[PDB]
Every structure is written in C-alpha cells, then in structure tokens.
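Each chain is listed here by its residues.
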Amino acid sequence: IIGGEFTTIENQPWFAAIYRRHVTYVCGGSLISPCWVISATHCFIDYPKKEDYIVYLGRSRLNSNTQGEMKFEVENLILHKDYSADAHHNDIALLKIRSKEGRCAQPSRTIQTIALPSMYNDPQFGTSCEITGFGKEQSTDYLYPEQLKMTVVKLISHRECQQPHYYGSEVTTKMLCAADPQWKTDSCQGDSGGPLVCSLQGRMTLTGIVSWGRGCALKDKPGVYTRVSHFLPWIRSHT
Ligand SMILES: NCc1ccc(C(=O)O)cc1
C-alpha cells in the first residue's frame, strides 16, 4: 500500500495473510465464510500445490504472531479455470481453510467475515472504498511493511479506465479501476488478493480483489481489481 495509514486487524477482521513454505509472504485475501478465504489466482498460478501454503486470520504484522491469530492449512486451492495474464483476467481464487485440529475459523474481535456484493451491483464511480495489505509502501522499496496498512481510493468508470492514456482495452467489464485523485495513494506489489471494500447500502461489501496495475501510484495508471459481483455464480458453486 502506497501512502495511506497503518492499522490493525480489528479494522479489517476479514483480511487474511497467505504465505508459502519454500516461509514467505504471498498475498492477502478475504474471509467470506468460516471455511473459505477468497483471493487472486495469479498469486498461486506458479505454485498450485495447496500443501505449501499457510493462512492466518486476525494477524496485524507480517513476521510476528499477532495475539489471537488463527493458522490454517489449505484443504483446497481453487483457481479460476478461465484465468489468463498479460492485465490478468478472471484473477480470482478460493482457498478452503482448515487448521491442524481440522477446524475452520471462529469469529472474534479480530476475525470476522466480509459480505459479498449482490449480482452486478457496484457503487457509482467516484465512491470512496478502502484497500488493505502488507504490500510495498514505495515502488522502489525492497521490503514489505511489518505493520498492516490501508488507504482510500475512488472507483473509476470503465469508460474512463478504458481510455488509451489509461489502460485502454486491458481492462474488461469484469474489472474495476480505483485510484487517488492525486494518484498519491494506491495498492502495490504484495497487496494482490487483498480486499477492495466499499459501503453499499450501509453494508461493508467485498467489491474487489487487488489484481494488477501498471506500477504503483502513477498518474493515469489506476489499480485494477477483480469485479466480485461478476463472479458470484463461480463463487457459490465452488464453495
Ligand atoms: N495497483 C494494483 C497492483 C497490484 C499488485 C502489483 C504488483 O504485485 O506488483 C502492482 C499493482
């Protein structure tokens, strides 16, 4: 996350930190139900083996065990069959979580689920949503922040993101663009699979999943996100 502010897991009780054994940080995710964390397929396409991943819930730091956190193995890693990169397409994945004691996640003050959107129901452009992650704080940074971060970004119309000086055609209607009016804050390397949460009808909804973007916080190059209300049939069936 470029710019923005620091936060703890209580301000995003649904944020999941995903890691890979041969143990490093992989991507963020979102808990949509006790046994399912939703994320981005490009995060796992290179190491499809569910056995190498570890998922945490209620964790606010990248390399320190946050009090009250739950650790989970991936009982199942489901990647979207129609995925394709180069501007990732259908960048969505589902991870079924299960602890060593074979249990899923149990809600607490630091672990809650996030609601999915109603079909094809997205806030109007210009709406302010938030993004969470352990991503880089600066494009030239080598390290990832140790503390979780979040920032605000405004939804951009498909017509506006469609423009050439923007992302041209790389962006599809199954995608949502979001960015800062001054391009001073945005998601970056390490924030993928993370949630784009917007308030829809007075309800916090998982509107988008960090997917891709040209660099970070650069003019006319918004962050692109997998449009969740366009993959509900895929989510319900697969869960
Ligand atoms: N602004 C979206 C975005 C998400 C992820 C990356 C990246 O992993 O390198 C870059 C940009």
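Residues numbered from 1 in each chain as written, not as in the entry; some residues may be left out. Heavy atoms only, no water.

Method of determination, as annotated in the archive: X-ray crystallography, at 2.35 Å resolution.

As named in the PDB entry, the protein chain is Urokinase-type plasminogen activator, taken from Homo sapiens.

A.B. asks: An account of the environment of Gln112 is needed here, citing residue identities and associated values.
C.D. replies: Along the chain, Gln112 falls in the loop between strand 7 (93-98) and strand 8 (128-133). In sequence terms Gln112 and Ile97 are 15 residues apart; their C-alpha atoms lie 14 Å from each other. Aside from chain neighbours lying at most four places away, what touches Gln112 is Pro13, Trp14, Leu31 and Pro107. (Helix = DSSP H or I, 4+ residues; strand = E, 2+ residues; numbered from the N terminus. Contact = heavy atoms within 4.5 Å.)

A.B. asks: Please provide a residue-by-residue account of the site of the ligand, values included.
C.D. replies: Close contacts around the ligand come from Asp186, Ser187, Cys188, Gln189, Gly190, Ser192, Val210, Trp212, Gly213, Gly215 and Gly223, and that covers them all. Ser187 has a polar side-chain atom sitting 3.0 Å from a nitrogen atom of the ligand. About the coverage of the ligand: the protein hides 82% of its 310 Å² of free accessible area. With respect to the pocket detection grid, the ligand is positioned in the second largest pocket. (Near = heavy atom within 4 Å. Polar contact = N/O pair within 3.5 Å; in protein donor to acceptor, adjacent residues only side chain to side chain. Areas by Shrake-Rupley, 256 points an atom, 1.4 Å probe, with all protein chains shown as cover. 1 Å grid on protein atoms, 1.4 Å probe; cavity = no way out; pocket = protein on both sides within 12 Å on 5 of 7 lines; lining within 4 Å. Sits in = over half its atoms within 2 Å of the grid points.)

A.B. asks: Describe the pairing of strand 4 (residues 36-39), and please don't skip the residues or the numbers.
C.D. replies: Residues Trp36 and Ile38 point to one face of strand 4 and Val37 and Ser39 to the other, with burial holding for every one of them. The loop that links strand 3 (residues 24-33) with its antiparallel partner strand 4 comprises two residues. Alignment of strand 4 against strand 7, held across four bridges, turns out to be antiparallel. Of the residues in strand 7, the one forming a bridge with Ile38 is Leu94. (Buried < 20%, exposed > 50% of the residue type's maximum accessible area, 1.4 Å probe, protein only. Pairing = 2+ DSSP bridges.)

A.B. asks: Describe the state of the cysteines, and please don't skip the residues or the numbers.
C.D. replies: Within the structure shown, the criterion is met by five disulfides. The partner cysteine of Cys35 in its disulfide is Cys104, sulfur to sulfur 2.0 Å. Torsion about the S-S bond of the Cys35 and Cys104 cystine: about 95°, corresponding to right-handed handedness. Using a relative accessible area of 22% as the deciding quantity, one classes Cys104 as partly exposed. Disulfide pairing places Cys188 opposite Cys216 at an S-S distance of 2.0 Å. Taking the torsion about the sulfur-sulfur bond, which here is approximately 85°, the covalent link between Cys188 and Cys216 counts as right-handed. Here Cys188, found in the loop between strand 10 (175-179) and strand 11 (195-199), pairs with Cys216, found in strand 12 (residues 204-218); they are 28 residues apart in sequence, far enough to count as distant. (Disulfide = S-S within 2.5 Å.)

A.B. asks: Residues and numbers for the UniProt feature "disulfide bond" in the protein chain, please.
C.D. replies: Between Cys35 and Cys104, where UniProt annotates a disulfide, the S-S separation is 2.0 Å; being under 2.5 Å, the link is counted as present. The class for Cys35 is partly exposed, based on a relative accessible area of 22%. Between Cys161 and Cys177, where UniProt annotates a disulfide, the S-S separation is 2.0 Å; being under 2.5 Å, the link is counted as present. Separated by 16 residues along the polypeptide, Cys161 in helix 1 (residues 158-162) and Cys177 in strand 10 bring together distant segments of the chain. Its relative accessible area of 1% is what places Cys161 among the buried residues. Overall, the relative accessible area of 3% leaves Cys177 in the buried class. (UniProt positions renumbered as here; feature names shortened; annotations may be inferred.)

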